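**Student:** One structure follows; several queries about it will come next.
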Amino acid sequence: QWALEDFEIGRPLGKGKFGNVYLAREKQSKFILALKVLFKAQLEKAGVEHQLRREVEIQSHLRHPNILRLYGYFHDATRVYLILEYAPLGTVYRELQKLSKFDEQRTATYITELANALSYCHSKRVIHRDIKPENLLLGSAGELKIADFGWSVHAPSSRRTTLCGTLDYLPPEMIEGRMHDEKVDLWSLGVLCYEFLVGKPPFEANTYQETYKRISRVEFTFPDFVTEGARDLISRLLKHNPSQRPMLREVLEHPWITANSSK
Ligand SMILES: O=C(Nc1c[nH]nc1-c1nc2ccc(C[NH+]3CCOCC3)cc2[nH]1)c1ccc(F)cc1
């Protein structure tokens, strides 16, 4: 439907192995968006093309204030193009380096927005699995927007593994190579939540190998300034056993959420 000549490319928004995302304006609509440029070249070499058109599948038929829109795609010779909703306020990652830590009220809010976002997603048996600060964009309202549905997947499944990837946000089951459902995303939400308050993720290490242990044994500790309600909800989120992990609904209802969730 679309083609490159339909756009005016703006400034580079960032990187990634397969290319860059650029700001861009739709020529005859004046519409602002982001263009993720992916080289066919590298997608095949690094055998991921399967993933692409699945990221496209899922993130297309998806509609939620807290999920980055994907308007469509296209390609030419050299590369494939992803027409992404543009999120004015950068990444939560970046806001994190920026602020070093978030407060209870900012954290809570994100969790809420996050919860609901994920809520909608499970409802369609869609599991994200790769929720990390780098993947969280901010809308103008300052609101969370889950990007990147690359690893995203249906059903309760088992993945084609490959170890070479940051474990920091993976749940024990995933990492241990096991039976994993939509409970992963609640483990994620827990990590996310801890990182927001403390400034690093609770399982951080210097090596793939140590983290693996750390995650596998659920070894984490709270700095003093982490409040009780925080500790509670995080503790409740970070159970080795998928089954003991709250339902998203319970997370919304948690008293430390609702005390603090501005939005
Ligand atoms: O695709 C990406 N980002 C986006 C998708 N949609 N919208 C974006 C997006 N990212 C940014 C980053 C910065 C800004 C502008 N803002 C100005 C004020 O200071 C903070 C940055 C906009 C933007 N949109 C993306 C982001 C980060 C990566 F590492 C790889 C890809």
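Quick note on naming: the chains in the structure tokens go A, B, ... in the order shown, residues restart at 1 in each chain, and ligands are numbered from 1 in order of appearance.
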Please return as a PyMOL selection string the residues found within 10 Å of ligand 1, counting only C-alpha atoms and all ligand atoms.
**Tutor:** chain A and resi 11-17+19-23+33-37+68-70+82-95+98+133-140+145-148
**Student:** Residues at most 12 Å from residue 123 of chain A, counting only C-alpha atoms, excluding those fewer than 2 positions away in the same chain, as a ChimeraX atom specification?
**Tutor:** /A:62,116-121,125-127,154-155,182,248
**Student:** With N, CA, C and O atoms retained, export the selected residues as a compact mmCIF listing (two decimals), in the first residue's frame.
**Tutor:**
```txt
# COMPACT_ATOMS: atom_id res chain seq x y z
N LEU A 62 -3.68 -5.08 17.01
CA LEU A 62 -3.69 -4.60 18.39
C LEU A 62 -4.04 -3.14 18.49
O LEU A 62 -3.63 -2.31 17.69
N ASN A 116 -2.71 -2.96 32.48
CA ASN A 116 -3.87 -2.86 31.57
C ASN A 116 -3.48 -3.18 30.15
O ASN A 116 -4.19 -3.86 29.42
N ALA A 117 -2.32 -2.67 29.77
CA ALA A 117 -1.76 -2.93 28.45
C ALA A 117 -1.62 -4.43 28.27
O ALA A 117 -2.04 -5.00 27.25
N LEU A 118 -1.04 -5.06 29.28
CA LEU A 118 -0.74 -6.49 29.20
C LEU A 118 -2.04 -7.26 29.27
O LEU A 118 -2.21 -8.31 28.63
N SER A 119 -2.95 -6.70 30.05
CA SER A 119 -4.26 -7.31 30.28
C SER A 119 -4.93 -7.56 28.95
O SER A 119 -5.25 -8.69 28.58
N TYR A 120 -5.12 -6.47 28.23
CA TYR A 120 -5.66 -6.51 26.88
C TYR A 120 -4.99 -7.58 26.03
O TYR A 120 -5.63 -8.23 25.21
N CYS A 121 -3.70 -7.77 26.25
CA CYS A 121 -2.90 -8.63 25.36
C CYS A 121 -3.09 -10.10 25.60
O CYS A 121 -3.19 -10.89 24.66
N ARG A 125 -4.57 -14.05 23.94
CA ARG A 125 -3.60 -15.14 24.09
C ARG A 125 -2.25 -14.74 23.54
O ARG A 125 -1.42 -15.59 23.19
N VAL A 126 -2.06 -13.43 23.46
CA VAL A 126 -0.77 -12.84 23.08
C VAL A 126 0.12 -12.58 24.31
O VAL A 126 -0.31 -11.93 25.27
N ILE A 127 1.33 -13.13 24.28
CA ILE A 127 2.32 -12.92 25.36
C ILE A 127 3.53 -12.16 24.82
O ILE A 127 4.10 -12.53 23.80
N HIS A 154 1.81 -16.26 20.67
CA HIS A 154 0.48 -16.79 21.01
C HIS A 154 0.50 -18.02 21.89
O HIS A 154 1.54 -18.65 22.13
N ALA A 155 -0.69 -18.35 22.37
CA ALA A 155 -0.93 -19.57 23.14
C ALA A 155 -0.07 -19.64 24.39
O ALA A 155 0.63 -18.68 24.73
N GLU A 182 1.27 -17.25 30.11
CA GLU A 182 1.12 -15.81 30.16
C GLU A 182 1.50 -15.29 31.52
O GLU A 182 1.38 -14.10 31.81
N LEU A 248 -3.47 -10.32 36.84
CA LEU A 248 -3.26 -8.90 36.57
C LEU A 248 -4.22 -8.07 37.41
O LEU A 248 -3.85 -7.07 38.01
```
**Student:** Quick one: everything within 12 Å of residue 51 of chain A, counting only C-alpha atoms, minus sequence neighbours fewer than 5 positions away in the same chain. Send it as a list in words.
**Tutor:** residues 43, 44, 46, 56, 57, 58, 59, 148, 149, 150, 151, 152, 153, 159 and 160 of chain A
**Student:** Can you pull out every residue within 10 Å of residue 262 of chain A, counting only C-alpha atoms, but drop anything in the same chain fewer than 2 positions away, and send it as an NGL selection string?
**Tutor:** :A and (104-110 or 112 or 257-260)
**Student:** Would you give me, as a ChimeraX atom specification, the residues in segment 67-254 of chain A that DSSP reads as strand (DSSP E)?
**Tutor:** /A:70-75,79-84,126-127,136-138,144-146,153-154
**Student:** Save out the residues we just selected, N, CA and C atoms, as an mmCIF file, in the first residue's frame.
**Tutor:**
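again_27.cif, freshly written:
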```cif
data_model
loop_
_atom_site.group_PDB
_atom_site.id
_atom_site.type_symbol
_atom_site.label_atom_id
_atom_site.label_comp_id
_atom_site.auth_asym_id
_atom_site.auth_seq_id
_atom_site.Cartn_x
_atom_site.Cartn_y
_atom_site.Cartn_z
ATOM 1 N N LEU A 70 1.024 0.116 15.270
ATOM 2 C CA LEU A 70 1.742 -0.155 14.034
ATOM 3 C C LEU A 70 0.750 0.051 12.924
ATOM 4 N N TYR A 71 1.027 1.017 12.068
ATOM 5 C CA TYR A 71 0.049 1.400 11.042
ATOM 6 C C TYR A 71 0.109 0.477 9.844
ATOM 7 N N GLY A 72 1.290 -0.082 9.627
ATOM 8 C CA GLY A 72 1.531 -0.951 8.488
ATOM 9 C C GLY A 72 3.001 -1.175 8.250
ATOM 10 N N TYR A 73 3.313 -1.592 7.030
ATOM 11 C CA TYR A 73 4.684 -1.911 6.633
ATOM 12 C C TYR A 73 4.816 -1.850 5.127
ATOM 13 N N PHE A 74 6.016 -2.118 4.645
ATOM 14 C CA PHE A 74 6.253 -2.309 3.215
ATOM 15 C C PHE A 74 7.723 -2.593 3.020
ATOM 16 N N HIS A 75 8.120 -2.802 1.774
ATOM 17 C CA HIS A 75 9.531 -3.046 1.446
ATOM 18 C C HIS A 75 9.855 -2.643 0.014
ATOM 19 N N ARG A 79 15.437 -3.542 1.715
ATOM 20 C CA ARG A 79 14.937 -3.434 3.105
ATOM 21 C C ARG A 79 13.427 -3.383 3.287
ATOM 22 N N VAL A 80 13.039 -3.598 4.540
ATOM 23 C CA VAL A 80 11.630 -3.590 4.969
ATOM 24 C C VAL A 80 11.356 -2.442 5.934
ATOM 25 N N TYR A 81 10.175 -1.862 5.786
ATOM 26 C CA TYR A 81 9.823 -0.647 6.496
ATOM 27 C C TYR A 81 8.629 -0.810 7.413
ATOM 28 N N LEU A 82 8.826 -0.346 8.638
ATOM 29 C CA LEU A 82 7.815 -0.421 9.680
ATOM 30 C C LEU A 82 7.356 0.958 10.102
ATOM 31 N N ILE A 83 6.080 1.200 9.850
ATOM 32 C CA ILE A 83 5.437 2.498 10.049
ATOM 33 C C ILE A 83 4.846 2.570 11.438
ATOM 34 N N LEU A 84 5.603 3.167 12.336
ATOM 35 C CA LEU A 84 5.249 3.129 13.749
ATOM 36 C C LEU A 84 4.694 4.434 14.257
ATOM 37 N N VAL A 126 -2.058 -13.435 23.461
ATOM 38 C CA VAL A 126 -0.765 -12.840 23.082
ATOM 39 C C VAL A 126 0.116 -12.585 24.315
ATOM 40 N N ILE A 127 1.333 -13.130 24.285
ATOM 41 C CA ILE A 127 2.321 -12.924 25.362
ATOM 42 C C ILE A 127 3.526 -12.157 24.823
ATOM 43 N N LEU A 136 9.867 0.517 26.401
ATOM 44 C CA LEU A 136 8.745 1.330 26.843
ATOM 45 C C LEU A 136 8.885 2.759 26.348
ATOM 46 N N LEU A 137 7.925 3.169 25.532
ATOM 47 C CA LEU A 137 7.890 4.522 25.020
ATOM 48 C C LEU A 137 6.884 5.363 25.779
ATOM 49 N N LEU A 138 7.057 6.671 25.678
ATOM 50 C CA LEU A 138 6.141 7.605 26.311
ATOM 51 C C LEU A 138 5.387 8.434 25.294
ATOM 52 N N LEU A 144 2.724 5.550 29.159
ATOM 53 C CA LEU A 144 3.470 4.372 28.737
ATOM 54 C C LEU A 144 2.937 3.867 27.428
ATOM 55 N N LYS A 145 3.849 3.384 26.602
ATOM 56 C CA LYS A 145 3.476 2.694 25.378
ATOM 57 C C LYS A 145 4.409 1.536 25.044
ATOM 58 N N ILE A 146 3.924 0.332 25.308
ATOM 59 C CA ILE A 146 4.692 -0.878 25.036
ATOM 60 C C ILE A 146 4.978 -1.023 23.568
ATOM 61 N N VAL A 153 4.293 -13.612 21.204
ATOM 62 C CA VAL A 153 3.805 -14.946 20.834
ATOM 63 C C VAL A 153 2.447 -15.366 21.412
ATOM 64 N N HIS A 154 1.806 -16.265 20.670
ATOM 65 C CA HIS A 154 0.475 -16.794 21.006
ATOM 66 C C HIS A 154 0.502 -18.022 21.893
#
```
**Student:** Assign secondary structure with DSSP using the backbone only, and return the residues of segment 70-201 of chain A in helix (DSSP H, G or I) as a PyMOL selection string.
**Tutor:** chain A and resi 92-99+104-122+133-135+172-176+184-198
**Student:** Would you mind exporting N, CA and C atoms of the selected residues as a compact mmCIF listing (two decimals), in the first residue's frame?
**Tutor:**
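The result, written out as selection_3.txt:
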```txt
# COMPACT_ATOMS: atom_id res chain seq x y z
N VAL A 92 11.31 5.07 28.55
CA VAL A 92 11.34 5.01 30.01
C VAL A 92 12.78 4.74 30.43
N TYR A 93 13.45 3.92 29.64
CA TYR A 93 14.87 3.68 29.84
C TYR A 93 15.56 5.01 30.01
N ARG A 94 15.36 5.86 29.01
CA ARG A 94 16.09 7.13 28.96
C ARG A 94 15.71 8.01 30.14
N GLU A 95 14.44 7.97 30.51
CA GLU A 95 13.94 8.75 31.65
C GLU A 95 14.55 8.22 32.92
N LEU A 96 15.04 6.99 32.83
CA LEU A 96 15.55 6.29 34.00
C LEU A 96 16.99 6.70 34.21
N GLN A 97 17.78 6.63 33.15
CA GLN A 97 19.14 7.14 33.23
C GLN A 97 19.04 8.56 33.70
N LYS A 98 18.00 9.21 33.22
CA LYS A 98 17.84 10.63 33.43
C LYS A 98 17.63 10.89 34.92
N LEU A 99 16.68 10.17 35.52
CA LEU A 99 16.23 10.44 36.90
C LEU A 99 16.91 9.54 37.91
N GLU A 104 7.29 6.53 43.97
CA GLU A 104 6.27 5.50 44.16
C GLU A 104 5.07 5.78 43.29
N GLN A 105 4.80 7.07 43.13
CA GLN A 105 3.60 7.51 42.42
C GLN A 105 3.81 7.39 40.91
N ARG A 106 5.04 7.59 40.46
CA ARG A 106 5.34 7.47 39.03
C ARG A 106 5.41 6.01 38.63
N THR A 107 5.97 5.23 39.54
CA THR A 107 6.16 3.80 39.32
C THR A 107 4.82 3.11 39.23
N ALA A 108 4.01 3.39 40.23
CA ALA A 108 2.66 2.80 40.36
C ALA A 108 1.85 2.97 39.08
N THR A 109 1.96 4.18 38.57
CA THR A 109 1.18 4.61 37.43
C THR A 109 1.54 3.76 36.22
N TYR A 110 2.85 3.68 36.01
CA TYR A 110 3.41 2.92 34.89
C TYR A 110 2.95 1.48 34.98
N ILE A 111 2.97 0.96 36.20
CA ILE A 111 2.58 -0.44 36.45
C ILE A 111 1.13 -0.69 36.05
N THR A 112 0.29 0.22 36.53
CA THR A 112 -1.12 0.27 36.11
C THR A 112 -1.27 0.27 34.59
N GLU A 113 -0.66 1.28 33.99
CA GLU A 113 -0.76 1.46 32.55
C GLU A 113 -0.26 0.20 31.89
N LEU A 114 0.76 -0.36 32.53
CA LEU A 114 1.45 -1.53 32.00
C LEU A 114 0.53 -2.74 32.13
N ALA A 115 -0.05 -2.84 33.32
CA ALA A 115 -0.91 -3.96 33.66
C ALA A 115 -2.00 -4.07 32.62
N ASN A 116 -2.71 -2.96 32.48
CA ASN A 116 -3.87 -2.86 31.57
C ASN A 116 -3.48 -3.18 30.15
N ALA A 117 -2.32 -2.67 29.77
CA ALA A 117 -1.76 -2.93 28.45
C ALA A 117 -1.62 -4.43 28.27
N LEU A 118 -1.04 -5.06 29.28
CA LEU A 118 -0.74 -6.49 29.20
C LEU A 118 -2.04 -7.26 29.27
N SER A 119 -2.95 -6.70 30.05
CA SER A 119 -4.26 -7.31 30.28
C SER A 119 -4.93 -7.56 28.95
N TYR A 120 -5.12 -6.47 28.23
CA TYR A 120 -5.66 -6.51 26.88
C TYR A 120 -4.99 -7.58 26.03
N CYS A 121 -3.70 -7.77 26.25
CA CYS A 121 -2.90 -8.63 25.36
C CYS A 121 -3.09 -10.10 25.60
N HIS A 122 -3.12 -10.45 26.87
CA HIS A 122 -3.34 -11.84 27.25
C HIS A 122 -4.71 -12.26 26.75
N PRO A 133 12.61 -1.68 30.17
CA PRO A 133 12.61 -0.25 30.00
C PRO A 133 12.90 0.22 28.57
N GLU A 134 13.81 -0.44 27.87
CA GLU A 134 14.20 0.03 26.53
C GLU A 134 13.02 -0.09 25.57
N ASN A 135 12.02 -0.85 25.98
CA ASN A 135 10.91 -1.18 25.11
C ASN A 135 9.70 -0.38 25.45
N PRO A 172 12.11 -17.48 35.53
CA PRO A 172 12.77 -18.75 35.75
C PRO A 172 12.38 -19.79 34.73
N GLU A 173 11.08 -19.94 34.55
CA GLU A 173 10.58 -20.95 33.61
C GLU A 173 11.19 -20.71 32.25
N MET A 174 11.03 -19.51 31.73
CA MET A 174 11.56 -19.24 30.39
C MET A 174 13.01 -19.66 30.34
N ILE A 175 13.74 -19.21 31.34
CA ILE A 175 15.19 -19.30 31.28
C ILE A 175 15.64 -20.73 31.45
N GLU A 176 14.88 -21.47 32.25
CA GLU A 176 15.22 -22.86 32.59
C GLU A 176 14.82 -23.79 31.47
N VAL A 184 4.48 -15.30 32.53
CA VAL A 184 5.79 -14.67 32.35
C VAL A 184 5.64 -13.19 32.59
N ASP A 185 4.65 -12.62 31.93
CA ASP A 185 4.52 -11.16 31.88
C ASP A 185 4.31 -10.55 33.26
N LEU A 186 3.78 -11.33 34.19
CA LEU A 186 3.66 -10.85 35.58
C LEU A 186 5.01 -10.88 36.32
N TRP A 187 5.85 -11.83 35.96
CA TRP A 187 7.20 -11.88 36.50
C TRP A 187 7.89 -10.60 36.04
N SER A 188 7.75 -10.35 34.74
CA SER A 188 8.30 -9.15 34.10
C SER A 188 7.89 -7.87 34.79
N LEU A 189 6.60 -7.77 35.02
CA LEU A 189 6.02 -6.59 35.66
C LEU A 189 6.65 -6.36 37.03
N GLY A 190 7.00 -7.47 37.67
CA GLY A 190 7.65 -7.42 38.97
C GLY A 190 9.03 -6.82 38.85
N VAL A 191 9.79 -7.35 37.91
CA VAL A 191 11.14 -6.87 37.68
C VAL A 191 11.04 -5.39 37.34
N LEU A 192 10.31 -5.11 36.27
CA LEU A 192 10.06 -3.73 35.86
C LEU A 192 9.80 -2.87 37.08
N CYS A 193 8.92 -3.34 37.94
CA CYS A 193 8.50 -2.53 39.05
C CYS A 193 9.68 -2.25 40.00
N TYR A 194 10.53 -3.25 40.16
CA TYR A 194 11.63 -3.18 41.14
C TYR A 194 12.65 -2.22 40.61
N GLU A 195 12.82 -2.28 39.30
CA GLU A 195 13.86 -1.50 38.64
C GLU A 195 13.50 -0.03 38.72
N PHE A 196 12.19 0.23 38.59
CA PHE A 196 11.67 1.60 38.60
C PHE A 196 12.00 2.27 39.92
N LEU A 197 11.89 1.51 41.00
CA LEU A 197 12.09 2.06 42.34
C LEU A 197 13.55 2.11 42.75
N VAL A 198 14.30 1.09 42.35
CA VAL A 198 15.66 0.87 42.87
C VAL A 198 16.69 1.37 41.89
```
**Student:** Set the distance at 12 Å and use only C-alpha atoms: which residues neighbour residue 28 of chain A once local chain neighbours fewer than 6 positions away are removed? I'd like the list as a short mmCIF file (atom, residue, chain, number, x, y, z; two decimals) with C-alpha atoms, in the first residue's frame.
**Tutor:**
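The new file out.cif reads:
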```
data_model
loop_
_atom_site.label_atom_id
_atom_site.label_comp_id
_atom_site.auth_asym_id
_atom_site.auth_seq_id
_atom_site.Cartn_x
_atom_site.Cartn_y
_atom_site.Cartn_z
CA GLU A 5 8.63 8.05 -1.63
CA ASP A 6 5.52 8.77 0.43
CA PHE A 7 7.59 10.05 3.31
CA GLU A 8 9.99 12.76 4.34
#
```
